[PDB]
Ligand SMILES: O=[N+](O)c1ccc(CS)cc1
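Here you get one chain, nothing else, as structure tokens; it is the form solved without this ligand.
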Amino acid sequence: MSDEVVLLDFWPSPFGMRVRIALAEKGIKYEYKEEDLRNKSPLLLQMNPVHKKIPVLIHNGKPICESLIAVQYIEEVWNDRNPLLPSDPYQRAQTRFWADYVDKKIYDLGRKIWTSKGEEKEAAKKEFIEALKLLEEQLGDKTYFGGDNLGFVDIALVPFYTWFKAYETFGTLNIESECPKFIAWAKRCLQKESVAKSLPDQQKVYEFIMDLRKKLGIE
């Protein structure tokens, strides 16, 4: 346990939650540090000069930025137990692909859903559900995306669950009707301690988004 591990994060961030899940799942004890992104710390600005974003994993004093890159780092350094990625190069390529798909789609469509109006919002909604269906489809059978254990794609994707209430309310939308197997999988993930301890409740996230929409618009 001699290693020093610090996580710069902000509690409702799905990207931060990824790293939270990955550390828990590996059994890595760490110091969590909360950032106020409207007043970023000098430490965060020094550790992430390029993007000035969280999460930032700091390991023995050295920063690793971009959540999924941090998750692969965690995987490659603490690789003695609990593989979060397949060892077959082709299967690994594919879990990289779907994790990447999550990065491309979910947060951005998501943000469009709760910020935009009219057809822009209407289009964001359709794409959002297609994206989830594709993911749902790739899950198919399997307990988790990673097969029998939590994997890279579960880690990448399940934090967004905590944002679903906000999507649904501001989006005028219902994911469980459209993608029942999806919501089932999320719920299975929430039974794993590494996930439950890492994710905030949808309600707290909703309120966060609500305070954030008012500080912007439309309502």
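We number the residues from 1 along the sequence you see.
- For the pair 207-215 and 20-28, the record assigns the higher mean C-alpha temperature factor to 207-215.
- Higher mean CA temperature factor, per the PDB entry, when comparing 115-123 with 97-105: 115-123.
- The residue among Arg38, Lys52, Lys33, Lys62 whose C-alpha atom has the highest B-factor in the PDB entry is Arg38.
- Placement of the Cα temperature factor of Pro200 within the chain: highest third of the modelled residues, per the deposited record.
- In the PDB entry, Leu139 places in the highest third of its chain by CA B-factor.
- Among all modelled residues in its chain, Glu168 ranks in the highest third by Cα B-factor.
- When the modelled residues of the chain are ordered by C-alpha B-factor, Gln46 sits in the lowest third.
- Split the chain's modelled residues into thirds by C-alpha temperature factor. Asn82 is in the highest one.
Here the subject shifts to the form deposited with this ligand bound, a form of this protein not shown in this document.
- Though the partner is left out of this view, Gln202 does not reach within 4.5 Å of this ligand in the deposited complex, counting heavy atoms only.
- Shown alone here, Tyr30 lies within 4.5 Å of this ligand in the deposited complex, counting heavy atoms only.
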